[PDB]
Structure formats: C-alpha cells, structure tokens
Amino acid sequence: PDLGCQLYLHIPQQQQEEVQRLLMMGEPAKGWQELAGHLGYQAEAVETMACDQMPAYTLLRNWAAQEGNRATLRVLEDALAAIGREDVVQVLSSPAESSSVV
C-alpha cells in the first residue's frame, strides 16, 4: 500500500535508465519539435542538446541545472502527459507485484 511517498527525483537507477531509453526508444517519436518549443526551448538550444548523444539526460540536467528550483520529474511526466503519452507512462509506471504464485 501507498502510505508515504516514493522517490520522484530520487528514482532508482532501474527506473531512471528505463525512462531515458524509453524516450530514445527504437520507435520514431511523433512530435519532438512541438515538445522542444512547447517547453520554451530556443532553436539554438534544441539543436545544441540534439547534437549530443544523451539528449534525455542533458535535457533534464540542463533543466534542473538552469532552473535550480524544486522542480521534479513530475514536471516532465505532466508536460508530456498533456500530449497524451500514456504508453510511456505505463512502461515507466508499471503495475506492482501480485500475491499469488503466478
């Protein structure tokens, strides 16, 4: 049961890499530009991070680094959820374990 509160930004390496790979999944995105602009990223910025190899990590890093606020991963899950990305949310927020043997 949920009584306390799992780690949002302090998520486990498993969940961390899981999301990073998800965004860069083999499947071609269907709205990368709209995302960059929507977030408020300049053409120079989007092109900068894009050039790198780890855009997911660089994006979240530069974000919290530049913002230096108390913003958490929730900012991404929400900003993205607005587009209607439930698939990624399901893979990232998979269901818990069961009691039965199988």
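Per the PDB record, this model was obtained through solution NMR.

For the protein chain, the name recorded in the PDB entry is Death domain-containing membrane protein NRADD, with Mus musculus as its organism. This deposition appears in the PDB under the title "The NMR structure of NRADD death domain".

Some thoughts on the overall build of the protein chain
When helices and strands are tallied, the protein chain shows six helices and zero strands. Mapped from its N terminus to its C terminus, the protein chain presents α and β elements in the order α-α-α-α-α-α. Considering only C-alpha atoms, the protein chain reaches an extent of 55 × 30 × 25 Å along its principal axes. Looking at the 102 residues of the protein chain, the share that counts as buried comes to 12%. Considering only intrachain contacts with a sequence separation of at least 6, the fraction spanning at least 24 residues in the protein chain is 61%. Of the side-chain charges in the protein chain, 6 are positive and 14 negative, and the distance between the mean point of each set is 2 Å.

What about the nonpolar core?
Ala 36, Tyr 41, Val 46, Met 49 and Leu 59 form the largest nonpolar core, which has five residues in total. Ignoring any residue separated from it by four or fewer positions in sequence, one finds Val 46 in contact with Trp 32 and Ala 36.

Regarding the side chain of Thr 58
Along the chain, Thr 58 falls in helix α4 (residues 55–67). A distance of 2.6 Å separates a polar atom in the side chain of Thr 58 from the backbone oxygen of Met 54.

Brief notes about the environment of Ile 11
When you line up the elements, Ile 11 lands in the segment before α1 (13–23). Put simply, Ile 11 and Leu 73 are 62 residues apart on the chain and 9.2 Å apart in space, counted from C-alpha to C-alpha. Residues in contact with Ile 11, not counting those within four places in the same chain, are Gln 16 and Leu 73.

Here is what the cut-offs are and how they apply
- Residues numbered from 1 in each chain as written, not as in the entry; some residues may be left out.
- Heavy atoms only, no water.
- Helix = DSSP H or I, 4+ residues; strand = E, 2+ residues; numbered from the N terminus.
- Buried < 20%, exposed > 50% of the residue type's maximum accessible area, 1.4 Å probe, protein only.
- Contact = heavy atoms within 4.5 Å.
- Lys, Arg positive; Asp, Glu negative; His and termini not counted.
- Charge placed at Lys NZ, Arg CZ, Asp CG, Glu CD.
- Core = buried A, V, L, I, M, F, W, Y, C linked by side-chain atoms within 4.5 Å.
- Polar contact = N/O pair within 3.5 Å; in protein donor to acceptor, adjacent residues only side chain to side chain.

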